[PDB]
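A.B. asks: Below is the sequence, then the experimental coordinates.
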Amino acid sequence: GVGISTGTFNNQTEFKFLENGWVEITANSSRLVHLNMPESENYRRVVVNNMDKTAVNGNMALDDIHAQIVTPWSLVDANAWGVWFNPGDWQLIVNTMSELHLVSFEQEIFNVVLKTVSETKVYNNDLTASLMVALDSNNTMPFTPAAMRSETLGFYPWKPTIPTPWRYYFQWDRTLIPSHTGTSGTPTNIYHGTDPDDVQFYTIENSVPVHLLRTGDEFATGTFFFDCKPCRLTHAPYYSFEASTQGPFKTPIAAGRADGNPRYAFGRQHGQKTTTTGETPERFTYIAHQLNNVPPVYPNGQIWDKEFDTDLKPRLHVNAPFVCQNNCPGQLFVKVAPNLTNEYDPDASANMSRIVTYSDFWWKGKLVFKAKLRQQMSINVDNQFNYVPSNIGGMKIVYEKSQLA
Amino acid sequence: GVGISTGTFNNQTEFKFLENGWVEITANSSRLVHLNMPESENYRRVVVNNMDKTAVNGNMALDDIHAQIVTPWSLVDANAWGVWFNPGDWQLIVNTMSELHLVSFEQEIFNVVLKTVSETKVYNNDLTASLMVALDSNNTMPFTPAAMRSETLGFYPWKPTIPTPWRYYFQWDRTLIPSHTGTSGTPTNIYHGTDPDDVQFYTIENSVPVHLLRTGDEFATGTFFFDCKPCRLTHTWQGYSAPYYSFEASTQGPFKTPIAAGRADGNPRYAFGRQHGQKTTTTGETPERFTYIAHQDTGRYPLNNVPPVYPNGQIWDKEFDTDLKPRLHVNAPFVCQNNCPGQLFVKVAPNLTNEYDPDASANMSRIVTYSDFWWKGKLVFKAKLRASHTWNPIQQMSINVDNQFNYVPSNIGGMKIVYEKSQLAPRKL
Amino acid sequence: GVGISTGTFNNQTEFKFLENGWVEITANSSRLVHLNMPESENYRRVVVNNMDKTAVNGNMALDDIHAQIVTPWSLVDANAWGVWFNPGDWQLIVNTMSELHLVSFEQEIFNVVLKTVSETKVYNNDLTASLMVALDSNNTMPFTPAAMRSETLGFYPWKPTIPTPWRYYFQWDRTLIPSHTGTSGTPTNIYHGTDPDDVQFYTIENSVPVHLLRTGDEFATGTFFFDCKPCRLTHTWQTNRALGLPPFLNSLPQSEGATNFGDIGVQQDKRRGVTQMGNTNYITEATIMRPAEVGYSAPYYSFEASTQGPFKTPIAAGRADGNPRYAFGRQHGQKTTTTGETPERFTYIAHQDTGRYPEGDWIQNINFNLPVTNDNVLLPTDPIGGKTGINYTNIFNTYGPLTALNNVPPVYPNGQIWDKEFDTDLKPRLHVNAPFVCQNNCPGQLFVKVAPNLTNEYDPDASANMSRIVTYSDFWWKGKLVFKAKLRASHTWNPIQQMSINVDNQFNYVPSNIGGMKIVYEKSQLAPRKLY
Amino acid sequence: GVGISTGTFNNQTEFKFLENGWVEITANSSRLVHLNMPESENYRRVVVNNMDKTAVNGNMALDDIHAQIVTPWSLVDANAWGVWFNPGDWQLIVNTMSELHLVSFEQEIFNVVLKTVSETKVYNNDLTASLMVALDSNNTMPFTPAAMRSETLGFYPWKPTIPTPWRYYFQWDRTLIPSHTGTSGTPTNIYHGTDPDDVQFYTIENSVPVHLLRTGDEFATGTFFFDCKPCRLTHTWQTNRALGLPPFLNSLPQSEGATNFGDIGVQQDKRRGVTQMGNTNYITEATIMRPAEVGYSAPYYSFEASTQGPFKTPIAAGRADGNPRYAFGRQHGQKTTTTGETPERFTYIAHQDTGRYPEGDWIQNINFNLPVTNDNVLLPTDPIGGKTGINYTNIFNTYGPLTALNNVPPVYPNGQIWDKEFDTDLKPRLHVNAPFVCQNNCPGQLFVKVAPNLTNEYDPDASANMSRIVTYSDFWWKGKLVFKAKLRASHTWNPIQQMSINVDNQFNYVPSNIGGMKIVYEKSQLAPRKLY
């Protein structure tokens, strides 16, 4: 019933030394996930357009036009290195391993809590409510990794996290004619529409089976198994763009030398010193010491990515060190179910009235690696106070290098 | 479920006699433990610096400068004699036993209650919330014995108790040069910092498995068996010397030299609160104190193991990790040779409001929550009955007209637990 | 879980019949027990002293000095007849059965409910809180029968009852030298304190395992089995004068009438017989040697003082003096619709005879000059020590090897069923408060307590008393007391006395028109029995 | 647990057809029963005494004098036809079936919901409270059928219903000497009290096991099996005059018409046959012997007195006198939208005849001079005792050995199904209140009561009533009542009378605009039966 705990928290990293110099690294991660109800229950097709900001000449790069489907579901995405390791185990990993294999992965949701709010405020339990959960075992919905927009789960184990609200790109048509400063006119810059052949409207309910979870039950994924090739730990015009119906896009660069090497911007969930004020994210440029695979990036580096469905297939992915050879883990989508009031009628155009409900549920992840034992990464006077908390409770995770030897 | 209890309260002390003059002494103990949520979840690195008191010349002994990690957890510690034995059982043990061993220790948390508070206050059961419990099985965390700070559980089975909030020493660099009162100059007094090489930052989440306990399920520690040497409940009437009141110093600051003997210099002086011996209905913040003047006469005017001190003294302690280990520990009679029983850490889980978002730098908004959970443990000893070698009788503890009323309550609920000596019998050296 | 009932209510009485005349009387009793939380969680050593009432000269008997350890626990005690039998069953037992054994006993608490109070008032279920239950099976703790204080459970299955807050005598030392009205000064009336070696501080927590019960669990004791001697539901009418062969009447009467008596045909000094007064020729029914003595005189209303203070001497058999007096409240027999604090009272005048009549006794000189002179005889009229109100019977004591007595009768509904034997080396021959006495061990006392339900502001290092959520519990109690009894036989031509409803006591056994019930005392030893 | 349902609502009637022309009618019934807590938890003894109304002369029949023991418990009674059947099912019974037996019966309470009210009004649940449920399987309690007060469960499946508060008769003595308007003084009219040898105070706690039901458990009464005689759904038209062989007719009619009668040829003083009136040669249809007497004349609107005051003499079969008059409320047939205190009423005019016509009766002298003079005949126009309004038929009784009766017909929807046979040594041949009579045991009555939900201010020693949390409970009752019925076969050429819907009675069997519903009365015995 309600009073039985359904799981156990686990955030230890286990290093099981095997025969012939191999080692199995089991990274357990566990977070307390907070989830508020959706803003609206209906899917919305919204087109953003910053024409007033980019109709001016000489800022072709500042283009934001994109059509996306706002989906009420929220995405639980642990695809980032910071979710699984603190600086101690990554220090051990970079210092003592040589190659690294991505082995297996599982998740589970446990100890679901659902609460309601009413007027001053009072918070009450709703034992009858439910949390809608869906796992995309067959990848019906599009693959949307949250590490790109920096919206994965928080890297700190002892603080809660929120899942990112889920959305995907609609397919549209756009043309923009570039120009330099002092150009003698306004180039063409319009939003055509959507090609009907490219219209695709995915929905979680039609696609994936949804498990309704009350306060006393669980959802658990199967142990999804990888077969990716290993990544070694031992170790192109500039000012260029291209364009299509998507609009302009900066060209890809295979390897490094606010340009060249990749720059990561991030917030307080994702390694920034938590207690600093302001909305400004803290940033780093990953100047690595260096086909050759891209290097991992503690903690905003994405771990895995999907192979493309195109006839062509690139030699390497710019954004992740590993790539799904044939299949990826299923994306986990969550949503607090509609808690309706008695005044609901569906034949009124007004949006439905709902009881203000929110959910707290614990997530546990397990991620297994296999690695072969081979500078020395170490603490020093300069970097010392980055790896311990402040007086008033702040903490940061400075980025670190994945290839030293 | 919610409506079914999970364990039984027990404070019985059981004497089971065995062959060859040995006695098994099973000391059960049970308490009701009140746990508030942490003041803040974030791990804090706090430095305290009493330079105002220490800078005055002659105040070297008042050095209270240190650095500590303030954990968002609390420790349930039962490493004190008073938790297990009432005065009558201690009288029986001291008066009839010559030697004493340890056998085992287990624990459990049962009947979790988890309540919330709303504004005039009104109290509501939140059946869904969880109590985090983590037992450091492998002794990964620093061992922080609670008896030295009088932080152990209460010694009265009827009064509820509280767990100590947990905190451990971070490393700090410090130096102080002494100066007597009347010295005109100001000595060196500086907090140097902390060595990078010696930094250690542990968290409960990454170090130990953490069980969640809703309001109808248990946690049970397996019976951890000791291997300690015998403790003698007799004193030799028939020693060593040391520098009196000499304060040595190191990277962390000054520290007094421990002495393996005593007269009142050298003898340990305890200070404790109302949970742990002081009369419960006396007002004021001052602690009750005594000095344990042992019978063994190991000291000399200006070796054998330390006495047991009832009710405030320790039972066991962890052996040092150094290659060369000391002859004895000044603070407990027994010492675990490879591992001590694991430390039990408890915490009320976060209970967030709808307003929460982590991109704000401020502390999280929460629903006020507190936990009442029953705790039970059993501590297994093994003792040998004495034999009357001498013609005369030995000294024995006894109620008498002076100490009579210490052992029974007052006209109101006042109770106190006075210390008794623990090696009354003499032994031939 | 929470919503499943965990037991049944049963207040039936079953009379199962066995071969050879025996009957098994299984008496089920069930109640709804209401328990408020303790006034304070701590143990208190309270000392009571009514020095002002006792300092007045002549009030030796009004002493109430004692020292009691007040305890947060409450005791669920069912040791009284009214808890088990209603008046109709008692009619059946006393009228039909002769002997009455005690076979077994068991208890169980079930369907625990537990609520909280908060301010107007709102009552909320507090499911996760606990009721704290203990059963002292080994009888390590002091025995405390609730029957003596009118503190047992209620005698109505349809009224909720309450448990008694438990308390036991701590040791004390006291001296109270007597006085009469208008004595020369103030006698010594001081409270010494407590001697150290008799101190005994008991607590539930250290002594017995305590079970924690939530809204959805039970506690049941085992079936205790007694070994008590039989109690007799008959009574003996024969004093010494009624034993043996009566004298041969040589001259029987020739007509009916109270005035026409029979006559013994031989002069008193010429009669034949056997007598113990060897220096006398007279043989009379007052002087003929009987086989033994039935009953015994005792110094009635004598007070003796051990170290704890004065107390009355118990008298084994009554006539007045000796006969017990029961005072009881509205749970236990007083009319429930009455106002005021005055208890309803009765004196149980037992039918059993074998008492003494102190105004009829006398002592005379050994020489035995039968028309006795004043100087050779001592009467109840004669003062002892010059006090006009005291005579020799107030100090006399005929207890000896020749004395024979009966056990005290049962007293429905307020009396006590069983009792524990003293732990002394030499034990008493009877108990004045119960017919059955456990020889080795008695039913274990059952203790109950509402567990601490703390508020967020708890701080055990502070000296102030703890703040608790106001909690209270209602739990159903059920018990099963099994008797074994023999049926009587019509030994004699005449009928015997039986209990019966008549026009006088009719309305004592049915409720009034506003719900007022009462239970009135019934005699227990109606039928006569041959002593010799 | 709390959230798992524990039964299924069912109100189907299933007609299973066996071989040899029998039908097993499985009557299921289900009702939501609402129950408030008792008004007062004590058993009360209340005397009703309307001396004001019966002291007016001539109001003797308005004697409402009685003592009863009002109890906290409430009774669930389903002993009425309307609870089990609807008009369509009743039609299929009475139009098709000849005999009806009673086979089985079982009950079950399920899905107990308990709620508490706190002052605006907010209705909170109380998952820990309990509902007491008792079953008198042994029939130890006083039997109390609720049909004779119209307090059975309601007859509509969708409406919720309430159980009757329970009460039973205590003993009393009364005398009421009758009088008429214009009498010279006040007759004796006094409540004598109660006699001790007849006192009987039953309590549910002491006499049956009582189960506690929390929200999540059931109580299932086992299947009770009847042994009652067949109730017949046919009626007997044959009076004494219709028995036997008719006379031979010589002059049969030759034309059709209202006045075209036949004639018996022989003179009345020359007919052949057998007659009882031996001194009379004349043979005729009022004279010819018949095998036995059908029906009996009884003294109508006669009253007799016993220790408990006056009462009416019942009559087995009515023609007015004897015909039962049913008064009933909105649960039990009256139009549910009606307002005000007035029961809907019907008088059940049975089809069966077997009655008497008092204005047609007469007695004449044994000589029997045929054109009887005035002084040789006692007509119903003749006074008895000089009273012009009271004739000989008012005091007449001709029950005898030759008297044949039919059992009382069923009455739909308010008629009682079964009744308990008297515990007397000599038992009545028929009961007038229900067709079936249980020879040894009827089904155990099912008593219900909300448990005491106390507050923290309770002490038993207070004279005032205990303070309770205002509680009420809703629980689902289910019942099955299995019959066994024989299908009729058409013996006659002609068609029989049948129940049928028509234009006049159309809107009695369907609801109104505002949801009102009514259940009108239906005739039970329709098809004629061959008596002889």
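C.D. replies: On my side now, so go ahead. Residues are numbered from 1 along each chain as shown, chains lettered A, B, ... in the order given.
A.B. asks: Right, and chain B sits closest to which residue of the stretch 51-200 of chain A?
C.D. replies: At 4.1 Å from chain B, residue A:157 is the closest residue in the stretch 51-200 of chain A, using CB to the nearest CB. For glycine as for every other residue, the C-beta is placed from the backbone atoms N, C-alpha and C.
A.B. asks: Who's the closest spatial neighbour of residue A:182, skipping the chain neighbours?
C.D. replies: Leaving aside its sequence neighbours, residue A:182 sits nearest to residue A:57 (CB to CB, 6 or more residues apart in numbering or on different chains; 7.4 Å).
A.B. asks: Helices of the stretch 151-300 of chain A, residue ranges please.
C.D. replies: For the stretch 151-300 of chain A, the helices defined by DSSP state H, counting those that start in this stretch cover A:204-207.
A.B. asks: what's the burial count for the closest residue to chain D within it?
C.D. replies: The shortest separation between the stretch 151-300 of chain A and chain D is 10.4 Å, found at residue A:214 (distances taken as CB to the nearest CB). Taking other CB atoms under 10 Å in any protein chain shown as the criterion, the count of residues near residue A:214 is 16.
A.B. asks: Any figure for the gap between the spatially closest residue to it that is not a sequence neighbour and residue D:316?
C.D. replies: Spatial nearest neighbour of residue A:214, excluding adjacent residues (CB to CB, 6+ apart): residue A:130 at 5.3 Å. Relative to residue D:316, residue A:130 is positioned 67 Å away (criterion: CB to CB, to the nearest Å).
A.B. asks: Can you name every helix or strand that the biggest helix by length in chain A contacts?
C.D. replies: Longest helix in chain A by number of residues, with DSSP state H as the criterion: helix A:87-96. When contacts are defined as 3 or more CB pairs under 8 Å, 6 or more residues apart in numbering or on different chains; DSSP states H and E, helix A:87-96 packs onto strand A:22-36, strand A:400-401.
A.B. asks: between the helix or strand encompassing residue A:366 and strand A:22-36, what angle do the directions make?
C.D. replies: Of the helices and strands defined by DSSP states H and E, residue A:366 is found in strand A:357-373. Calculated by axes from the mean of the first three to the mean of the last three CA atoms, to 10 degrees, strand A:357-373 forms an angle of 170 degrees with strand A:22-36.
A.B. asks: Tell me if strand A:357-373 is near chain B.
C.D. replies: Yes: contact between strand A:357-373 and chain B is present through A:358, A:360, A:362 (criterion: CB under 8 Å from any CB of the partner chain).
A.B. asks: So which elements touch that strand?
C.D. replies: In this structure, strand A:357-373 makes packing contacts with strand A:22-36, strand A:97-118, strand A:332-336, judged by 3+ CB pairs under 8 Å, 6+ apart.
A.B. asks: Which of these has the highest mean neighbour count?
C.D. replies: Relative to the other members of those, strand A:332-336 carries the highest mean neighbour count by mean count of other CB atoms under 10 Å in any protein chain shown, namely a mean of 23.
A.B. asks: Please export the C-alpha coordinates of that one as CSV.
C.D. replies: Output in CSV follows, covering the C-alpha atoms of strand A:332-336 (Å, rounded to 0.1, in the frame of the first residue of the first chain):
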residue,chain,number,x,y,z
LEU,A,332,11.6,8.2,-20.4
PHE,A,333,8.6,10.7,-20.5
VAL,A,334,6.6,11.7,-17.4
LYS,A,335,3.4,13.6,-16.8
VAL,A,336,1.2,14.3,-13.9
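A.B. asks: Test my guess that residue A:281 contacts residue A:272.
C.D. replies: Yes: counting by CB atoms under 8 Å, residue A:281 touches residue A:272, with 6.6 Å between them.
A.B. asks: Please enumerate the strands of the stretch 151-300 of chain A.
C.D. replies: In the stretch 151-300 of chain A, the segments counted as strands under DSSP state E, counting those that start in this stretch are A:164-169, A:173-176, A:189-193, A:210-213, A:219-220, A:224-225, A:231-232, A:241-244, A:247-250, A:263-266, A:282-285, A:297-298.
A.B. asks: Output those strands as a markdown table; include the columns mean neighbour count.
C.D. replies: Formatted as a markdown table, those follow (neighbours: other CB atoms under 10 Å in any protein chain shown):
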| stretch | mean neighbour count |
| --- | --- |
| strand A:164-169 | 17 |
| strand A:173-176 | 18 |
| strand A:189-193 | 14 |
| strand A:210-213 | 16 |
| strand A:219-220 | 16 |
| strand A:224-225 | 14 |
| strand A:231-232 | 18 |
| strand A:241-244 | 12 |
| strand A:247-250 | 14 |
| strand A:263-266 | 16 |
| strand A:282-285 | 14 |
| strand A:297-298 | 24 |
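A.B. asks: coming back round to it: OK, contacts around the residue of the stretch 151-300 of chain A closest to chain D?
C.D. replies: With CB atoms under 8 Å, 6 or more residues apart in numbering or on different chains as the criterion, the residues that contact residue A:214 are A:112, A:127-131.
A.B. asks: what about 10 Å?
C.D. replies: Counting by CB atoms under 10 Å, 6 or more residues apart in numbering or on different chains, residue A:214 makes contact with A:1-2, A:112, A:114, A:126-131, A:337.
A.B. asks: Let me have those residues in TSV, extended by secondary structure.
C.D. replies: Shown next, in TSV, are the contacts of residue A:214 (DSSP: H, G, I helix; E, B strand; the rest coil):
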residue	secondary structure
A:1	coil
A:2	coil
A:112	strand
A:114	strand
A:126	coil
A:127	coil
A:128	coil
A:129	coil
A:130	coil
A:131	strand
A:337	coil
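A.B. asks: Greatest separation within those residues: which pair is it?
C.D. replies: Greatest spatial distance among the contacts of residue A:214 (CB to CB): A:1 and A:337, at 19.6 Å.
A.B. asks: which residues are there in chain A that come within reach of chain D?
C.D. replies: Residues of chain A lying close to chain D (CB under 10 Å from any CB of the partner chain) are A:1, A:127-128.
A.B. asks: Which residue, other than its chain neighbours, is closest to residue A:336?
C.D. replies: Nearest-residue entry for residue A:336: residue A:37, 4.7 Å, with adjacent residues in sequence omitted and distances by CB to CB, 6+ apart.
A.B. asks: before we move on, back to that, and for residue A:281 and residue A:272, which residues touch both?
C.D. replies: Any residue near both residue A:281 and residue A:272 by CB under 10 Å, 6+ apart counts here, and that gives A:265-266.
A.B. asks: Neighbour count: the two, which is higher?
C.D. replies: residue A:272 (21 against 13).
A.B. asks: so the more buried one touches residue A:399, yeah?
C.D. replies: No: between residue A:272 and residue A:399 there is no contact, the gap being 11.0 Å when judged by CB atoms under 10 Å.
A.B. asks: count of neighbours near the closest residue to chain D within chain A?
C.D. replies: Per CB to the nearest CB, the residue of chain A with the smallest distance to chain D is residue A:1, at 7.2 Å. Here the number of neighbours of residue A:1 (other CB under 10 Å) works out to 18.
A.B. asks: so who does it touch?
C.D. replies: With contact set as CB under 10 Å, 6+ apart, residue A:1 has these partners: A:127, A:214-216, B:1-3, B:127, B:214, B:216, C:1-2, D:1-3.
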